[PDB]
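**Student:** Below is start.tsv; it holds TSV, C-alpha atoms.
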```
chain	number	residue	atom	x	y	z
N	1	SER	CA	0.00	0.00	0.00
N	2	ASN	CA	1.99	2.93	-1.40
N	3	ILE	CA	-0.49	5.81	-1.57
N	4	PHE	CA	0.07	9.49	-0.78
N	5	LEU	CA	-2.96	11.08	0.90
N	6	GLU	CA	-3.97	14.75	0.74
N	7	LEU	CA	-6.10	15.52	3.79
N	8	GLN	CA	-8.04	18.68	4.65
N	9	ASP	CA	-6.96	19.93	8.09
N	10	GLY	CA	-9.33	22.86	8.36
N	11	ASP	CA	-7.76	25.53	6.18
N	12	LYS	CA	-4.44	23.71	5.74
N	13	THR	CA	-4.02	20.97	3.15
N	14	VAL	CA	-1.89	18.35	4.88
N	15	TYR	CA	-0.21	15.28	3.38
N	16	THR	CA	0.64	11.79	4.60
N	17	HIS	CA	1.46	8.29	3.36
N	18	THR	CA	-0.47	5.08	3.94
N	19	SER	CA	2.64	3.37	5.32
N	20	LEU	CA	2.27	5.63	8.37
N	21	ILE	CA	-1.10	4.00	9.15
N	22	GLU	CA	-1.54	0.64	10.82
N	23	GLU	CA	-1.94	-2.34	8.51
N	24	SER	CA	-5.50	-2.96	9.73
N	25	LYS	CA	-6.63	0.30	8.10
N	26	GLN	CA	-4.31	0.19	5.08
N	27	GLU	CA	-6.41	-2.71	3.81
N	28	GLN	CA	-9.60	-0.68	4.14
N	29	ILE	CA	-8.00	2.23	2.27
N	30	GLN	CA	-6.60	0.00	-0.47
N	31	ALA	CA	-10.03	-1.60	-0.85
N	32	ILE	CA	-11.54	1.82	-1.59
N	33	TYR	CA	-8.95	2.72	-4.22
N	34	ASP	CA	-9.57	-0.70	-5.78
N	35	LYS	CA	-13.27	0.09	-6.34
N	36	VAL	CA	-12.55	3.38	-8.15
N	37	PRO	CA	-11.74	1.66	-11.47
N	38	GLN	CA	-14.85	-0.49	-11.05
N	39	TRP	CA	-16.90	2.71	-10.79
N	40	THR	CA	-14.84	4.48	-13.45
N	41	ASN	CA	-15.06	1.70	-16.04
N	42	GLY	CA	-18.69	1.07	-15.14
N	43	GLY	CA	-19.53	4.73	-15.67
N	44	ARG	CA	-17.70	4.71	-18.99
N	45	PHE	CA	-20.04	1.95	-20.17
N	46	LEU	CA	-23.20	3.87	-19.27
N	47	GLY	CA	-21.79	6.98	-20.91
N	48	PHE	CA	-21.04	4.86	-23.96
N	49	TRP	CA	-24.40	3.07	-23.93
N	50	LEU	CA	-26.69	6.05	-23.40
N	51	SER	CA	-24.75	8.04	-26.00
N	52	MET	CA	-25.01	5.30	-28.62
N	53	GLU	CA	-28.73	5.00	-27.91
N	54	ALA	CA	-29.15	8.75	-28.50
N	55	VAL	CA	-27.07	9.21	-31.66
N	56	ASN	CA	-28.98	6.38	-33.37
N	57	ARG	CA	-32.58	6.22	-32.12
N	58	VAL	CA	-33.09	9.99	-31.82
N	59	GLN	CA	-33.65	11.08	-35.42
N	60	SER	CA	-32.14	14.52	-34.84
N	61	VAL	CA	-28.56	13.49	-34.05
N	62	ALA	CA	-28.64	10.57	-36.49
N	63	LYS	CA	-29.02	13.07	-39.35
N	64	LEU	CA	-25.53	14.43	-38.67
N	65	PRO	CA	-22.00	13.72	-39.91
N	66	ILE	CA	-20.44	10.64	-38.37
N	67	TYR	CA	-17.56	12.72	-36.99
N	68	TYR	CA	-19.99	14.76	-34.88
N	69	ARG	CA	-21.83	11.61	-33.79
N	70	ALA	CA	-18.61	9.84	-32.80
N	71	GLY	CA	-17.44	12.87	-30.82
N	72	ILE	CA	-20.57	12.79	-28.68
N	73	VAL	CA	-20.10	9.11	-27.83
N	74	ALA	CA	-16.41	9.72	-27.19
N	75	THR	CA	-17.13	12.72	-24.96
N	76	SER	CA	-20.01	11.04	-23.11
N	77	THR	CA	-17.85	7.94	-22.55
N	78	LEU	CA	-15.04	9.49	-20.50
N	79	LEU	CA	-17.44	12.04	-19.01
N	80	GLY	CA	-19.51	9.18	-17.62
N	81	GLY	CA	-16.41	7.81	-15.94
N	82	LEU	CA	-15.39	11.12	-14.39
N	83	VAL	CA	-18.89	11.60	-12.97
N	84	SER	CA	-19.06	8.10	-11.49
N	85	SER	CA	-15.67	8.64	-9.86
N	86	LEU	CA	-16.98	11.80	-8.20
N	87	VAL	CA	-20.12	10.05	-6.95
N	88	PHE	CA	-17.87	7.34	-5.50
N	89	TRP	CA	-15.63	9.68	-3.52
N	90	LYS	CA	-18.14	12.40	-2.65
N	91	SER	CA	-20.76	9.95	-1.35
N	92	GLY	CA	-18.91	8.53	1.65
N	93	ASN	CA	-15.47	7.44	0.50
N	94	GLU	CA	-13.48	10.68	0.41
N	95	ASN	CA	-14.54	11.14	4.04
N	96	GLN	CA	-13.98	7.49	4.97
N	97	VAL	CA	-10.28	7.60	4.06
N	98	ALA	CA	-9.99	10.76	6.14
N	99	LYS	CA	-11.47	8.93	9.13
N	100	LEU	CA	-9.25	5.91	8.46
N	101	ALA	CA	-6.22	8.23	8.57
N	102	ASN	CA	-7.08	9.32	12.11
N	103	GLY	CA	-4.00	9.12	14.31
N	104	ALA	CA	-1.52	9.22	11.44
N	105	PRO	CA	1.16	11.94	11.33
N	106	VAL	CA	0.70	14.58	8.65
N	107	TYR	CA	3.04	17.09	7.06
N	108	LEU	CA	2.63	20.57	5.62
N	109	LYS	CA	4.42	19.75	2.36
N	110	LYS	CA	4.27	16.58	0.29
N	111	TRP	CA	8.06	16.57	-0.10
N	112	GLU	CA	8.43	16.12	3.67
N	113	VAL	CA	6.33	12.94	3.77
N	114	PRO	CA	8.46	9.82	4.33
N	115	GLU	CA	7.76	6.30	3.15
N	116	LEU	CA	8.21	3.91	6.07
N	117	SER	CA	9.41	1.14	3.75
N	118	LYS	CA	12.11	3.44	2.34
N	119	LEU	CA	13.57	4.56	5.68
N	120	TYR	CA	16.99	3.40	6.82
N	121	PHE	CA	17.12	1.31	9.97
N	122	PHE	CA	19.41	-1.06	11.83
N	123	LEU	CA	19.16	-3.95	14.28
N	124	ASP	CA	19.93	-2.46	17.69
N	125	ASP	CA	22.14	-4.83	19.68
N	126	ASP	CA	21.27	-2.90	22.85
N	127	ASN	CA	17.54	-3.61	22.36
N	128	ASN	CA	17.42	-7.32	21.51
N	129	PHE	CA	18.27	-6.58	17.87
N	130	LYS	CA	14.97	-4.86	17.24
N	131	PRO	CA	14.77	-2.62	14.16
N	132	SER	CA	15.46	0.99	15.10
N	133	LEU	CA	15.24	4.24	13.16
N	134	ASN	CA	17.67	5.89	15.61
N	135	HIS	CA	20.79	4.62	13.92
N	136	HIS	CA	24.29	5.79	14.78
N	137	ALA	CA	24.20	8.46	12.05
N	138	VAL	CA	21.05	10.23	13.28
N	139	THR	CA	21.54	13.71	14.73
N	140	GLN	CA	18.23	15.44	15.55
N	141	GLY	CA	15.02	13.50	14.87
N	142	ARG	CA	11.97	13.47	12.61
N	143	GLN	CA	9.60	16.10	14.07
N	144	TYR	CA	6.47	15.79	11.95
N	145	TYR	CA	3.83	18.53	11.85
N	146	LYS	CA	0.91	17.05	13.81
N	147	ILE	CA	-1.27	13.99	14.33
N	148	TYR	CA	-4.33	14.00	12.08
N	149	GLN	CA	-7.72	14.18	13.80
N	150	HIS	CA	-11.05	13.50	12.11
P	1	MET	CA	70.50	-2.31	13.13
P	2	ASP	CA	67.71	-0.15	14.55
P	3	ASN	CA	68.14	3.41	15.81
P	4	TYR	CA	70.39	3.97	12.81
P	5	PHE	CA	70.32	7.77	12.67
P	6	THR	CA	70.72	7.98	16.45
P	7	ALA	CA	73.77	5.71	16.45
P	8	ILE	CA	75.36	7.47	13.47
P	9	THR	CA	74.85	10.81	15.21
P	10	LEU	CA	76.28	9.62	18.53
P	11	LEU	CA	79.35	8.23	16.78
P	12	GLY	CA	79.94	11.69	15.29
P	13	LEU	CA	79.63	10.69	11.64
P	14	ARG	CA	77.58	13.84	11.02
P	15	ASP	CA	80.54	16.14	11.68
P	16	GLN	CA	83.78	14.13	11.78
P	17	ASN	CA	85.33	10.85	10.62
P	18	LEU	CA	85.92	7.65	12.54
P	19	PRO	CA	89.45	6.59	13.48
P	20	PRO	CA	90.99	4.65	10.57
P	21	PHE	CA	92.16	1.72	12.74
P	22	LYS	CA	89.89	-1.13	13.78
P	23	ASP	CA	90.90	-1.03	17.44
P	24	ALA	CA	89.75	2.47	18.33
P	25	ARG	CA	86.92	2.28	15.80
P	26	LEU	CA	85.33	-0.85	17.25
P	27	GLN	CA	85.60	0.55	20.78
P	28	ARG	CA	83.69	3.63	19.63
P	29	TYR	CA	80.85	1.41	18.39
P	30	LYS	CA	80.47	-0.25	21.80
P	31	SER	CA	80.64	3.13	23.57
P	32	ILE	CA	77.12	4.24	22.58
P	33	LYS	CA	75.64	1.01	23.89
P	34	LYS	CA	74.52	2.65	27.14
P	35	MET	CA	73.11	5.74	25.44
P	36	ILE	CA	70.99	3.69	23.04
P	37	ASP	CA	69.29	1.99	25.99
P	38	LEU	CA	68.64	5.42	27.52
P	39	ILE	CA	67.19	6.99	24.37
P	40	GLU	CA	65.13	3.87	23.72
P	41	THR	CA	63.68	4.15	27.23
P	42	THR	CA	62.86	7.85	26.86
P	43	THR	CA	60.81	7.19	23.73
P	44	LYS	CA	58.61	4.73	25.67
P	45	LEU	CA	57.35	7.26	28.25
P	46	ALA	CA	54.95	9.22	26.07
P	47	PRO	CA	51.59	9.96	27.70
P	48	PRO	CA	48.42	8.89	25.89
P	49	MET	CA	46.08	11.10	23.88
P	50	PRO	CA	42.51	10.41	22.72
P	51	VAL	CA	42.53	7.97	19.83
P	52	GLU	CA	39.31	9.58	18.55
P	53	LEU	CA	41.22	12.72	17.59
P	54	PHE	CA	42.37	12.22	14.00
P	55	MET	CA	40.76	8.81	13.45
P	56	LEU	CA	37.14	7.75	13.63
P	57	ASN	CA	36.59	4.53	15.53
P	58	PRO	CA	36.36	1.74	12.92
P	59	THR	CA	34.39	-0.46	15.33
P	60	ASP	CA	31.51	2.01	15.46
P	61	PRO	CA	28.17	0.45	14.43
P	62	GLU	CA	27.75	3.29	11.94
P	63	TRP	CA	30.23	1.65	9.56
P	64	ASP	CA	28.39	-1.69	9.48
P	65	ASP	CA	26.83	-0.62	6.17
P	66	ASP	CA	29.80	-2.12	4.29
P	67	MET	CA	29.11	0.34	1.48
P	68	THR	CA	31.05	-0.07	-1.75
P	69	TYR	CA	32.49	2.52	-4.12
P	70	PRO	CA	30.14	3.57	-6.95
P	71	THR	CA	32.15	3.88	-10.16
P	72	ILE	CA	31.57	4.86	-13.78
P	73	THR	CA	32.66	2.17	-16.24
P	74	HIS	CA	34.11	4.59	-18.77
```
In structure tokens, write the structure found in this file.

**Tutor:**
Amino acid sequence: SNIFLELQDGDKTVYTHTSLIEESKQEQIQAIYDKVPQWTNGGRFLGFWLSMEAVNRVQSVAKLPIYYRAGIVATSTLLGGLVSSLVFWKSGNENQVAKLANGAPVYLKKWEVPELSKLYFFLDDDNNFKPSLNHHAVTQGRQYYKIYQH
Amino acid sequence: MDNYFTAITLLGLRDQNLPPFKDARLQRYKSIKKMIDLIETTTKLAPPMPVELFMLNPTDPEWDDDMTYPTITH
């Protein structure tokens, strides 16, 4: 689960990464992003079906050049996918990922967001060889912006 | 033949010449025998200084990365 989130913290637009969230909620977030193409491709079909039914059965668009008729079906196809993607997020999913990111650290700039799988760590002999981010080359610390609350 | 430059200097070969006859010459070699033991002892009385002064500790866990040298195969 490698997804960068853009959350609305009041007036600020904060950023985070799904690797900073526990694995129990990463699966729920990944499941939502997996249903976006199912709503996008499904909406493209309706936009393609309803458009083909209109440029043929309605005898006002059928009496037009094919290039104008094909442009309507082409426009209504991808427009039907963009609309279905909005209905998917705006209904309850854009707010569900915000609630699932509750407790995760956020950052003011996207460039400051680390990927937990890309961080350098070592096996600390003084702590039963547990993985530790505080390796012998660290100087100051991480110091994120704040913990997200929704 | 250690302490070469010290022995040569004590024999006076930096400013003069040794006697040309083996008798006095070989006595002069054995004459610096006491001074070599003294100068050797003086050089073993140096006080210690922090080793982490001009040399990073190679046993530090920071260097466990075993990083290699990235090169360009021109």

**Student:** Residues of chain P were defined as contacting chain N if any atom lay at most 10 Å from it, counting only C-alpha atoms; please report them as a list in words.

**Tutor:**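 Therefore, the residues near the partner are residues 60, 61, 62, 63, 64 and 65 of chain P.
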
**Student:** For CA of residue 76 in chain N and CA of residue 92 in chain N, quote the distance in Å rounded to one decimal.

**Tutor:** 24.9 Å

**Student:** Taking all atoms of range 11-14 of chain P that the file lists and extending 3 Å past them on each side, where is the centre of the axis-aligned box and how long are its edges? Answer in Å to one decimal, as JSON.

**Tutor:**
```
{"center_x": 78.8, "center_y": 11.0, "center_z": 13.9, "size_x": 8.4, "size_y": 11.6, "size_z": 11.8}
```

**Student:** Please tell me which residues are no farther than 12 Å from (-12.6, 0.2, -3.8) in the file, counting all atoms listed in the file, and write them as a PDB file with C-alpha atoms, in the frame of the given file.

**Tutor:**
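selection.pdb was written with the following content:
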```
ATOM      1  CA  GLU N  27      -6.410  -2.710   3.810  1.00  0.00           C
ATOM      2  CA  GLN N  28      -9.600  -0.680   4.140  1.00  0.00           C
ATOM      3  CA  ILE N  29      -8.000   2.230   2.270  1.00  0.00           C
ATOM      4  CA  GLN N  30      -6.600   0.000  -0.470  1.00  0.00           C
ATOM      5  CA  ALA N  31     -10.030  -1.600  -0.850  1.00  0.00           C
ATOM      6  CA  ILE N  32     -11.540   1.820  -1.590  1.00  0.00           C
ATOM      7  CA  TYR N  33      -8.950   2.720  -4.220  1.00  0.00           C
ATOM      8  CA  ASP N  34      -9.570  -0.700  -5.780  1.00  0.00           C
ATOM      9  CA  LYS N  35     -13.270   0.090  -6.340  1.00  0.00           C
ATOM     10  CA  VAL N  36     -12.550   3.380  -8.150  1.00  0.00           C
ATOM     11  CA  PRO N  37     -11.740   1.660 -11.470  1.00  0.00           C
ATOM     12  CA  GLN N  38     -14.850  -0.490 -11.050  1.00  0.00           C
ATOM     13  CA  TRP N  39     -16.900   2.710 -10.790  1.00  0.00           C
ATOM     14  CA  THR N  40     -14.840   4.480 -13.450  1.00  0.00           C
ATOM     15  CA  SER N  85     -15.670   8.640  -9.860  1.00  0.00           C
ATOM     16  CA  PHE N  88     -17.870   7.340  -5.500  1.00  0.00           C
ATOM     17  CA  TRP N  89     -15.630   9.680  -3.520  1.00  0.00           C
ATOM     18  CA  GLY N  92     -18.910   8.530   1.650  1.00  0.00           C
ATOM     19  CA  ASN N  93     -15.470   7.440   0.500  1.00  0.00           C
ATOM     20  CA  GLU N  94     -13.480  10.680   0.410  1.00  0.00           C
ATOM     21  CA  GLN N  96     -13.980   7.490   4.970  1.00  0.00           C
ATOM     22  CA  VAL N  97     -10.280   7.600   4.060  1.00  0.00           C
TER      23      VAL N  97
END
```

**Student:** Quick one: residues within 7 Å of residue 1 in chain N, all atoms listed in the file, excluding same-chain residues fewer than 2 positions away - as a PyMOL selection string?

**Tutor:** chain N and resi 3+18-19+26+30

**Student:** Of the residues N:65, N:22, N:149, N:45, which is the one nearest to residue 99 in chain N, using only C-alpha atoms?

**Tutor:**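 Closest to residue 99 in chain N, using only C-alpha atoms: N:149.
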
**Student:** Excluding residue 113 in chain N and any residue of its chain fewer than 5 positions from it, enumerate the residues within 9 Å of it, using all atoms listed in the file, and give them as number ranges by chain.

**Tutor:** N: 4, 15-17, 106-108, 144

**Student:** Quick one: residues within 12 Å of range 39-45 of chain P, all atoms listed in the file, excluding same-chain residues fewer than 2 positions away - as a ChimeraX atom specification?

**Tutor:** /P:2-3,6-7,10,32-37,47-48

**Student:** Store the residues of this selection in a file with C-alpha atoms, as a PDB file, in the frame of the given file.

**Tutor:**
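Okay, this is what ended up in selection-v2.pdb:
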```
ATOM      1  CA  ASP P   2      67.710  -0.150  14.550  1.00  0.00           C
ATOM      2  CA  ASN P   3      68.140   3.410  15.810  1.00  0.00           C
ATOM      3  CA  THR P   6      70.720   7.980  16.450  1.00  0.00           C
ATOM      4  CA  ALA P   7      73.770   5.710  16.450  1.00  0.00           C
ATOM      5  CA  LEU P  10      76.280   9.620  18.530  1.00  0.00           C
ATOM      6  CA  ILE P  32      77.120   4.240  22.580  1.00  0.00           C
ATOM      7  CA  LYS P  33      75.640   1.010  23.890  1.00  0.00           C
ATOM      8  CA  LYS P  34      74.520   2.650  27.140  1.00  0.00           C
ATOM      9  CA  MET P  35      73.110   5.740  25.440  1.00  0.00           C
ATOM     10  CA  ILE P  36      70.990   3.690  23.040  1.00  0.00           C
ATOM     11  CA  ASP P  37      69.290   1.990  25.990  1.00  0.00           C
ATOM     12  CA  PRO P  47      51.590   9.960  27.700  1.00  0.00           C
ATOM     13  CA  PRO P  48      48.420   8.890  25.890  1.00  0.00           C
TER      14      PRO P  48
END
```

**Student:** I'd like the interatomic distance between CA of residue 103 in chain N and CA of residue 148 in chain N, to a tenth of an Å.

**Tutor:** 5.4 Å

**Student:** Kindly indicate which residue among N:57, N:102, N:118, N:78 lies nearest to residue 133 in chain N, using all atoms listed in the file for the distances.

**Tutor:**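 Using all atoms listed in the file, residue 133 in chain N sits closest to N:118.
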
**Student:** Provide the CA of residue 142 in chain N to CA of residue 9 in chain N distance in Å, to one decimal place.

**Tutor:**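 It comes out at 20.5 Å.
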
**Student:** From the set N:110, N:90, N:44, N:12, which residue has the shortest atom-to-atom contact distance to residue 74 in chain N, counting only C-alpha atoms?

**Tutor:**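 Closest to residue 74 in chain N, using only C-alpha atoms: N:44.
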
**Student:** Within 10 Å of residue 69 in chain N, counting only C-alpha atoms, which residues show up once you throw out same-chain ones fewer than 3 positions away? Write them as a list in words, please.

**Tutor:**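 Residues near the query, excluding close chain neighbours: residues 51, 52, 54, 55, 56, 61, 62, 63, 64, 65, 66, 72, 73 and 74 of chain N.
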
**Student:** Go ahead and dump the residues you just picked, C-alpha atoms, as a JSON list (two decimals), in the coordinates of the input.

**Tutor:**
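Okay, result_31.json is ready:
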```
[["chain", "number", "residue", "atom", "x", "y", "z"],
["N", 51, "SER", "CA", -24.75, 8.04, -26.00],
["N", 52, "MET", "CA", -25.01, 5.30, -28.62],
["N", 54, "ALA", "CA", -29.15, 8.75, -28.50],
["N", 55, "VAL", "CA", -27.07, 9.21, -31.66],
["N", 56, "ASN", "CA", -28.98, 6.38, -33.37],
["N", 61, "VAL", "CA", -28.56, 13.49, -34.05],
["N", 62, "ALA", "CA", -28.64, 10.57, -36.49],
["N", 63, "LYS", "CA", -29.02, 13.07, -39.35],
["N", 64, "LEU", "CA", -25.53, 14.43, -38.67],
["N", 65, "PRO", "CA", -22.00, 13.72, -39.91],
["N", 66, "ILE", "CA", -20.44, 10.64, -38.37],
["N", 72, "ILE", "CA", -20.57, 12.79, -28.68],
["N", 73, "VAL", "CA", -20.10, 9.11, -27.83],
["N", 74, "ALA", "CA", -16.41, 9.72, -27.19]]
```
